[PDB]
Amino acid sequence: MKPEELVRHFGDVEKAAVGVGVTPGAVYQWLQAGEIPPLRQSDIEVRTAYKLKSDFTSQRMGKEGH
Amino acid sequence: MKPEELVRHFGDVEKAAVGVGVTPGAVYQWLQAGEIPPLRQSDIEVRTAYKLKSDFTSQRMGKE
């Protein structure tokens, strides 16, 4: 999932940081980097009860290219 | 999931390491610690397409 997905899901950066167990500053650095670290994406997928999908899962669960 | 559950899933310790993208030494450390770190558990859960469940998921699902 892209960092803006994570923000859309929770509503804002502060709520996303609390939801995923990181600092707000970390979430802004994901936004700036245009990507959430993989290990971290897995945790977001699990901690949203699979509502957000890691790029790993998305890529495989695309009948095509996602 | 406990480290023993990870090992039971992939068969032997070294297959588990390959299976989830870590070194065998990491898996042995987890066995001796009696736990897998939380973020590694999530990654195992995702990389196994949910065949193994993190402690987080097991609690959510009422299947501890």
Side-chain angles (χ1 to χ4, degrees):
Chain A
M1 76 293 289
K2 302 311 294 282
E4 286 91 345
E5 286 185 63
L6 169 65
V7 176
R8 175 180 177 275
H9 181 77
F10 287 102
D12 64 24
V13 170
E14 186 187 28
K15 291 188 275 189
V18 168
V20 315
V22 301
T23 63
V27 180
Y28 281 109
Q29 293 188 277
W30 302 343
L31 286 162
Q32 288 290 357
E35 66 181 50
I36 302 171
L39 176 59
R40 180 66 63 186
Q41 289 191 45
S42 291
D43 196 53
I44 294 168
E45 178 171 339
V46 167
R47 295 191 183 236
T48 64
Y50 313 139
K51 176 59 176 177
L52 299 182
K53 301 284 208 178
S54 67
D55 296 339
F56 175 95
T57 298
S58 183
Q59 194 189 53
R60 280 161 183 76
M61 198 184 73
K63 275 198 310 197
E64 314 201 330
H66 318 189
Chain B
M1 79 294 286
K2 287 290 182 279
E4 296 79 6
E5 290 179 280
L6 169 65
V7 173
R8 183 167 180 173
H9 178 77
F10 286 100
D12 62 38
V13 176
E14 269 42 351
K15 289 177 196 177
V18 164
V20 308
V22 299
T23 65
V27 180
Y28 280 110
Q29 170 179 120
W30 303 339
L31 285 160
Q32 290 210 358
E35 58 178 330
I36 301 176
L39 294 185
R40 289 288 178 184
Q41 290 187 45
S42 294
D43 199 52
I44 293 165
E45 179 171 342
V46 166
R47 289 191 81 89
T48 67
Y50 311 163
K51 294 171 190 65
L52 292 172
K53 299 304 204 298
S54 67
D55 296 344
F56 181 105
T57 297
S58 294
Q59 269 209 345
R60 180 172 61 79
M61 294 184 69
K63 298 294 296 183
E64 303 175 54

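What's counted below: heavy atoms across the whole structure, side chains too, no hydrogens, waters or symmetry copies. Chain letters run A, B, ... following the sequence lines, proteins first and then strands; every chain starts at 1.
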Inset, instruction - Could you tell me which residues in residues 48-64 of chain B have at least one non-hydrogen atom under 4.5 Å from a non-hydrogen atom of chain A, sorted by residue number? - result: B/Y50, B/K53, B/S54, B/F56, B/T57, B/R60
Legend entry - Fellow cluster residues of B/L39, listed by chain then number, with links counted only when side-chain atoms sit under 4.5 Å apart: A/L39
Inset, instruction - Answer yes or no: does atom CD of B/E14 have more than 12 heavy-atom neighbours from other residues, nucleotides or ligands under 6.0 Å? - result: yes
Legend entry - Step-by-step side chain to side chain contact (heavy atoms under 4.5 Å, CB included) determination, B/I36 to B/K2: CA-CA 7 Å; B/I36 301 176; B/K2 287 290 182 279; over 6 Å; no
Inset, instruction - Could you note down all residue pairs passing ring-ring contact (aromatic ring centres under 6.0 Å, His included) where residues 5-37 of chain A supplies at least one of them, sequence neighbours left out? - result: none
Legend entry - Pairs meeting criterion salt bridge (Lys or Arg N to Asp or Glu O under 4.0 Å) with involvement of residues 22-43 of chain A, two or more places apart: A/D43-A/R47
Legend entry - Closest contact, heavy atoms only, A/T23 versus A/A17: C-CB, 3.7 Å
